[PDB]
$ cat data09.cif   # mmCIF, N, CA and C atoms
data_entry
#
loop_
_atom_site.label_atom_id
_atom_site.label_comp_id
_atom_site.auth_asym_id
_atom_site.auth_seq_id
_atom_site.Cartn_x
_atom_site.Cartn_y
_atom_site.Cartn_z
N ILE A 1 0.85 -1.19 0.00
CA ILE A 1 0.00 0.00 0.00
C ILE A 1 0.89 1.24 0.00
N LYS A 2 0.59 2.18 -0.89
CA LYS A 2 1.32 3.43 -1.01
C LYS A 2 0.57 4.61 -0.40
N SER A 3 -0.55 4.37 0.27
CA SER A 3 -1.36 5.44 0.85
C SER A 3 -0.83 5.75 2.24
N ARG A 4 -0.11 6.87 2.36
CA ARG A 4 0.46 7.27 3.64
C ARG A 4 -0.57 7.83 4.60
N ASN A 5 -1.71 8.32 4.09
CA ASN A 5 -2.77 8.79 4.98
C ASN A 5 -3.34 7.64 5.81
N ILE A 6 -3.43 6.45 5.22
CA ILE A 6 -3.83 5.26 5.97
C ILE A 6 -2.80 4.94 7.04
N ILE A 7 -1.52 5.00 6.69
CA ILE A 7 -0.45 4.67 7.63
C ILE A 7 -0.40 5.67 8.77
N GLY A 8 -0.78 6.92 8.52
CA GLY A 8 -0.77 7.93 9.56
C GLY A 8 -1.72 7.65 10.70
N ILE A 9 -2.75 6.84 10.47
CA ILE A 9 -3.68 6.44 11.52
C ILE A 9 -3.34 5.02 11.96
N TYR A 10 -2.75 4.25 11.05
CA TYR A 10 -2.37 2.87 11.37
C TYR A 10 -1.27 2.83 12.42
N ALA A 11 -0.25 3.68 12.27
CA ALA A 11 0.92 3.61 13.14
C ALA A 11 0.64 4.16 14.54
N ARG A 12 -0.39 4.99 14.70
CA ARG A 12 -0.72 5.52 16.02
C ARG A 12 -1.16 4.41 16.96
N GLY A 13 -1.94 3.44 16.46
CA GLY A 13 -2.32 2.30 17.27
C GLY A 13 -1.22 1.28 17.46
N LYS A 14 -0.19 1.31 16.61
CA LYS A 14 0.93 0.38 16.75
C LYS A 14 1.77 0.66 17.99
N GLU A 15 1.70 1.87 18.54
CA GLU A 15 2.45 2.18 19.75
C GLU A 15 1.92 1.42 20.96
N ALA A 16 0.61 1.17 21.00
CA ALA A 16 0.02 0.46 22.13
C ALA A 16 0.43 -1.01 22.17
N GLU A 17 0.87 -1.58 21.05
CA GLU A 17 1.30 -2.97 21.03
C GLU A 17 2.61 -3.18 21.77
N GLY A 18 3.39 -2.12 21.98
CA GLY A 18 4.68 -2.24 22.63
C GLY A 18 5.82 -2.66 21.74
N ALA A 19 5.58 -2.83 20.44
CA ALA A 19 6.63 -3.21 19.50
C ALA A 19 7.28 -1.94 18.95
N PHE A 20 8.17 -1.37 19.77
CA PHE A 20 8.87 -0.15 19.37
C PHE A 20 9.81 -0.42 18.20
N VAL A 21 10.49 -1.56 18.21
CA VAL A 21 11.41 -1.90 17.13
C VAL A 21 10.64 -2.10 15.82
N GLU A 22 9.50 -2.79 15.88
CA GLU A 22 8.71 -3.02 14.67
C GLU A 22 8.16 -1.72 14.12
N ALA A 23 7.68 -0.82 14.99
CA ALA A 23 7.20 0.48 14.52
C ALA A 23 8.34 1.30 13.92
N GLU A 24 9.51 1.27 14.56
CA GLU A 24 10.65 2.04 14.05
C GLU A 24 11.10 1.53 12.69
N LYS A 25 11.13 0.21 12.50
CA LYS A 25 11.53 -0.33 11.21
C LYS A 25 10.44 -0.17 10.16
N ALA A 26 9.17 -0.12 10.58
CA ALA A 26 8.09 0.14 9.63
C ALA A 26 8.06 1.60 9.20
N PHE A 27 8.56 2.50 10.05
CA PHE A 27 8.69 3.90 9.65
C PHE A 27 9.63 4.04 8.46
N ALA A 28 10.76 3.32 8.49
CA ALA A 28 11.67 3.32 7.34
C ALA A 28 11.13 2.47 6.20
N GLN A 29 10.38 1.41 6.51
CA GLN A 29 9.77 0.59 5.47
C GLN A 29 8.75 1.39 4.66
N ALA A 30 7.90 2.15 5.34
CA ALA A 30 6.93 3.00 4.67
C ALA A 30 7.50 4.36 4.28
N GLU A 31 8.75 4.65 4.68
CA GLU A 31 9.40 5.93 4.40
C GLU A 31 8.57 7.11 4.89
N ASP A 32 7.97 6.95 6.07
CA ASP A 32 7.09 7.97 6.64
C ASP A 32 7.94 9.03 7.34
N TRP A 33 8.52 9.91 6.53
CA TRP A 33 9.29 11.03 7.06
C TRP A 33 8.40 12.13 7.63
N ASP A 34 7.11 12.14 7.27
CA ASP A 34 6.21 13.19 7.72
C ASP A 34 6.08 13.20 9.23
N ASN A 35 5.95 12.03 9.85
CA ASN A 35 5.97 11.95 11.30
C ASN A 35 7.39 11.89 11.84
N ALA A 36 8.33 11.36 11.05
CA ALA A 36 9.70 11.19 11.53
C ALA A 36 10.39 12.53 11.79
N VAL A 37 10.05 13.57 11.02
CA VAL A 37 10.65 14.88 11.22
C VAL A 37 10.38 15.38 12.64
N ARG A 38 9.14 15.24 13.10
CA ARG A 38 8.81 15.64 14.46
C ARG A 38 9.33 14.64 15.49
N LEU A 39 9.26 13.34 15.18
CA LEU A 39 9.60 12.33 16.18
C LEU A 39 11.09 12.32 16.51
N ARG A 40 11.95 12.45 15.50
CA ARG A 40 13.38 12.42 15.75
C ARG A 40 13.84 13.65 16.52
N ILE A 41 13.24 14.81 16.23
CA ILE A 41 13.60 16.02 16.96
C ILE A 41 13.09 15.96 18.40
N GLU A 42 11.85 15.52 18.59
CA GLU A 42 11.27 15.52 19.93
C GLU A 42 11.69 14.29 20.73
N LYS A 43 11.32 13.10 20.25
CA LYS A 43 11.55 11.89 21.04
C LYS A 43 13.02 11.48 21.04
N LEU A 44 13.68 11.55 19.89
CA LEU A 44 15.05 11.09 19.78
C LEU A 44 16.08 12.19 19.99
N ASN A 45 15.70 13.45 19.76
CA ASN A 45 16.59 14.61 19.90
C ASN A 45 17.84 14.43 19.04
N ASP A 46 17.62 14.34 17.73
CA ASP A 46 18.68 14.11 16.76
C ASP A 46 18.63 15.25 15.74
N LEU A 47 19.34 16.34 16.04
CA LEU A 47 19.41 17.46 15.10
C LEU A 47 20.18 17.07 13.84
N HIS A 48 21.23 16.27 13.99
CA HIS A 48 21.94 15.75 12.83
C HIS A 48 21.03 14.84 12.00
N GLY A 49 20.16 14.09 12.67
CA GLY A 49 19.15 13.32 11.95
C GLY A 49 18.19 14.20 11.19
N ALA A 50 17.82 15.35 11.78
CA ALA A 50 16.98 16.31 11.07
C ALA A 50 17.70 16.86 9.84
N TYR A 51 19.00 17.13 9.96
CA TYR A 51 19.78 17.58 8.81
C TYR A 51 19.82 16.50 7.73
N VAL A 52 19.98 15.24 8.13
CA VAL A 52 19.98 14.14 7.17
C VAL A 52 18.64 14.04 6.45
N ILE A 53 17.54 14.18 7.20
CA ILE A 53 16.21 14.14 6.60
C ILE A 53 16.03 15.30 5.62
N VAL A 54 16.50 16.49 5.99
CA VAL A 54 16.39 17.65 5.10
C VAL A 54 17.19 17.42 3.83
N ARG A 55 18.41 16.88 3.95
CA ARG A 55 19.22 16.61 2.77
C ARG A 55 18.56 15.55 1.88
N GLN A 56 17.94 14.54 2.49
CA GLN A 56 17.29 13.49 1.71
C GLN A 56 16.02 13.99 1.02
N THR A 57 15.31 14.93 1.64
CA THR A 57 14.03 15.40 1.12
C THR A 57 14.12 16.73 0.37
N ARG A 58 14.94 17.67 0.87
CA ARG A 58 15.08 19.00 0.29
C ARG A 58 13.73 19.72 0.20
N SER A 59 12.91 19.56 1.23
CA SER A 59 11.61 20.22 1.27
C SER A 59 11.77 21.67 1.70
N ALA A 60 10.99 22.55 1.07
CA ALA A 60 11.05 23.97 1.41
C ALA A 60 10.54 24.22 2.83
N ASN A 61 9.44 23.55 3.21
CA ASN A 61 8.91 23.72 4.56
C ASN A 61 9.88 23.20 5.61
N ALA A 62 10.50 22.05 5.36
CA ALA A 62 11.48 21.51 6.29
C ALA A 62 12.70 22.42 6.41
N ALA A 63 13.16 22.96 5.28
CA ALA A 63 14.29 23.88 5.31
C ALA A 63 13.95 25.15 6.09
N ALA A 64 12.73 25.67 5.89
CA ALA A 64 12.31 26.86 6.64
C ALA A 64 12.22 26.58 8.13
N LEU A 65 11.69 25.41 8.50
CA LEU A 65 11.60 25.04 9.91
C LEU A 65 12.99 24.89 10.53
N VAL A 66 13.92 24.27 9.80
CA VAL A 66 15.28 24.12 10.30
C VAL A 66 15.96 25.47 10.46
N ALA A 67 15.75 26.38 9.49
CA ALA A 67 16.32 27.72 9.60
C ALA A 67 15.75 28.47 10.80
N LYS A 68 14.44 28.36 11.02
CA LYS A 68 13.83 29.01 12.18
C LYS A 68 14.36 28.43 13.48
N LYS A 69 14.52 27.10 13.54
CA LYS A 69 15.05 26.47 14.74
C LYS A 69 16.49 26.90 15.01
N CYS A 70 17.30 27.00 13.95
CA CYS A 70 18.69 27.42 14.12
C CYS A 70 18.79 28.87 14.55
N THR A 71 17.95 29.75 13.98
CA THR A 71 17.97 31.15 14.39
C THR A 71 17.47 31.32 15.82
N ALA A 72 16.45 30.56 16.21
CA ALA A 72 15.95 30.63 17.58
C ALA A 72 16.97 30.09 18.57
N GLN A 73 17.65 29.00 18.22
CA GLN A 73 18.64 28.39 19.10
C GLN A 73 20.06 28.68 18.60
#
$ encode --input "data09.cif" --output "structure tokens"
Amino acid sequence: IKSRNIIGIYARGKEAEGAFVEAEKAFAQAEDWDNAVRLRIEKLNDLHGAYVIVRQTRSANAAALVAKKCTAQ
């Protein structure tokens, strides 16, 4: 399935199962960077990971958010 909107509701219930490793590997399996951008910064606290995601995606919104975060901090 290539529908990420389905996965966006599917993965929320996957946290209750307690399979953190399975959810983490399914995030890369589905390439769900949309939640990963927030999750790595908040839960994992990986600014270098955020830079890697920005380089892989080159999204204008992600670049603007990273610039705002760098200027604020």
$ atom_distance --input "data09.cif" --atom1 "CA of residue 52 (chain A)" --atom2 "CA of residue 30 (chain A)"
17.3 Å
$ resolve_selection --input "data09.cif" --expression "the PyMOL selection byres (((chain A and resi 7 and name CA) around 12) and name CA)" --output "number ranges by chain"
A: 1-6, 8-14, 23, 26-27, 29-35
$ atom_distance --input "data09.cif" --atom1 "CA of residue 16 (chain A)" --atom2 "CA of residue 36 (chain A)"
17.9 Å
$ atom_distance --input "data09.cif" --atom1 "CA of residue 53 (chain A)" --atom2 "atom C of residue 70 (chain A)"
16.9 Å
$ select_by_dssp --input "data09.cif" --residues "chain A" --states "helix (DSSP H, G or I)" --output "ChimeraX atom specification"
/A:4-17,20-29,33-44,47-57,60-72
$ closest_residue --input "data09.cif" --among "A:28, A:18, A:50, A:45" --to "residue 66 (chain A)" --atoms "all atoms listed in the file"
A:50
$ decode --input "data09.cif" --residues "chain A" --atoms "C-alpha atoms" --output "PDB file, in the first residue's frame"
ATOM      1  CA  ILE A   1       0.000   0.000   0.000  1.00  0.00           C
ATOM      2  CA  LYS A   2       1.323   3.428  -1.006  1.00  0.00           C
ATOM      3  CA  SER A   3      -1.362   5.437   0.845  1.00  0.00           C
ATOM      4  CA  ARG A   4       0.461   7.271   3.636  1.00  0.00           C
ATOM      5  CA  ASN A   5      -2.773   8.786   4.980  1.00  0.00           C
ATOM      6  CA  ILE A   6      -3.833   5.263   5.966  1.00  0.00           C
ATOM      7  CA  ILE A   7      -0.453   4.666   7.627  1.00  0.00           C
ATOM      8  CA  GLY A   8      -0.771   7.934   9.561  1.00  0.00           C
ATOM      9  CA  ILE A   9      -3.684   6.443  11.518  1.00  0.00           C
ATOM     10  CA  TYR A  10      -2.369   2.874  11.367  1.00  0.00           C
ATOM     11  CA  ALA A  11       0.918   3.614  13.144  1.00  0.00           C
ATOM     12  CA  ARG A  12      -0.719   5.516  16.019  1.00  0.00           C
ATOM     13  CA  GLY A  13      -2.323   2.300  17.265  1.00  0.00           C
ATOM     14  CA  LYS A  14       0.927   0.384  16.751  1.00  0.00           C
ATOM     15  CA  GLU A  15       2.454   2.182  19.751  1.00  0.00           C
ATOM     16  CA  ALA A  16       0.016   0.457  22.127  1.00  0.00           C
ATOM     17  CA  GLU A  17       1.295  -2.970  21.034  1.00  0.00           C
ATOM     18  CA  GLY A  18       4.676  -2.238  22.634  1.00  0.00           C
ATOM     19  CA  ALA A  19       6.630  -3.214  19.495  1.00  0.00           C
ATOM     20  CA  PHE A  20       8.867  -0.154  19.371  1.00  0.00           C
ATOM     21  CA  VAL A  21      11.406  -1.902  17.125  1.00  0.00           C
ATOM     22  CA  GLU A  22       8.711  -3.022  14.675  1.00  0.00           C
ATOM     23  CA  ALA A  23       7.203   0.475  14.523  1.00  0.00           C
ATOM     24  CA  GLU A  24      10.647   2.041  14.054  1.00  0.00           C
ATOM     25  CA  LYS A  25      11.531  -0.332  11.209  1.00  0.00           C
ATOM     26  CA  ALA A  26       8.091   0.142   9.629  1.00  0.00           C
ATOM     27  CA  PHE A  27       8.693   3.900   9.649  1.00  0.00           C
ATOM     28  CA  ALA A  28      11.665   3.316   7.341  1.00  0.00           C
ATOM     29  CA  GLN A  29       9.765   0.586   5.473  1.00  0.00           C
ATOM     30  CA  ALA A  30       6.931   3.005   4.671  1.00  0.00           C
ATOM     31  CA  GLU A  31       9.405   5.929   4.397  1.00  0.00           C
ATOM     32  CA  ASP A  32       7.089   7.970   6.640  1.00  0.00           C
ATOM     33  CA  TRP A  33       9.289  11.029   7.064  1.00  0.00           C
ATOM     34  CA  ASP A  34       6.205  13.190   7.715  1.00  0.00           C
ATOM     35  CA  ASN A  35       5.972  11.947  11.301  1.00  0.00           C
ATOM     36  CA  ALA A  36       9.705  11.192  11.525  1.00  0.00           C
ATOM     37  CA  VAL A  37      10.651  14.884  11.225  1.00  0.00           C
ATOM     38  CA  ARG A  38       8.808  15.641  14.463  1.00  0.00           C
ATOM     39  CA  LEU A  39       9.596  12.327  16.180  1.00  0.00           C
ATOM     40  CA  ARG A  40      13.385  12.416  15.753  1.00  0.00           C
ATOM     41  CA  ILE A  41      13.600  16.023  16.960  1.00  0.00           C
ATOM     42  CA  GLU A  42      11.266  15.517  19.930  1.00  0.00           C
ATOM     43  CA  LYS A  43      11.546  11.887  21.040  1.00  0.00           C
ATOM     44  CA  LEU A  44      15.054  11.086  19.779  1.00  0.00           C
ATOM     45  CA  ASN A  45      16.588  14.608  19.899  1.00  0.00           C
ATOM     46  CA  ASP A  46      18.684  14.112  16.756  1.00  0.00           C
ATOM     47  CA  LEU A  47      19.410  17.458  15.100  1.00  0.00           C
ATOM     48  CA  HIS A  48      21.937  15.748  12.825  1.00  0.00           C
ATOM     49  CA  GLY A  49      19.154  13.319  11.951  1.00  0.00           C
ATOM     50  CA  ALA A  50      16.982  16.308  11.068  1.00  0.00           C
ATOM     51  CA  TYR A  51      19.782  17.576   8.812  1.00  0.00           C
ATOM     52  CA  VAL A  52      19.984  14.137   7.170  1.00  0.00           C
ATOM     53  CA  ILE A  53      16.213  14.141   6.599  1.00  0.00           C
ATOM     54  CA  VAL A  54      16.390  17.647   5.104  1.00  0.00           C
ATOM     55  CA  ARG A  55      19.217  16.606   2.768  1.00  0.00           C
ATOM     56  CA  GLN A  56      17.287  13.493   1.714  1.00  0.00           C
ATOM     57  CA  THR A  57      14.028  15.402   1.120  1.00  0.00           C
ATOM     58  CA  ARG A  58      15.078  19.004   0.286  1.00  0.00           C
ATOM     59  CA  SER A  59      11.610  20.217   1.272  1.00  0.00           C
ATOM     60  CA  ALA A  60      11.049  23.969   1.413  1.00  0.00           C
ATOM     61  CA  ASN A  61       8.908  23.720   4.559  1.00  0.00           C
ATOM     62  CA  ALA A  62      11.479  21.506   6.293  1.00  0.00           C
ATOM     63  CA  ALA A  63      14.290  23.884   5.310  1.00  0.00           C
ATOM     64  CA  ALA A  64      12.314  26.859   6.637  1.00  0.00           C
ATOM     65  CA  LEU A  65      11.601  25.044   9.914  1.00  0.00           C
ATOM     66  CA  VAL A  66      15.279  24.118  10.303  1.00  0.00           C
ATOM     67  CA  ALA A  67      16.320  27.716   9.596  1.00  0.00           C
ATOM     68  CA  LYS A  68      13.831  29.012  12.179  1.00  0.00           C
ATOM     69  CA  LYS A  69      15.053  26.468  14.741  1.00  0.00           C
ATOM     70  CA  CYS A  70      18.692  27.416  14.117  1.00  0.00           C
ATOM     71  CA  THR A  71      17.969  31.149  14.385  1.00  0.00           C
ATOM     72  CA  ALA A  72      15.949  30.628  17.576  1.00  0.00           C
ATOM     73  CA  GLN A  73      18.642  28.393  19.096  1.00  0.00           C
TER      74      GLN A  73
END
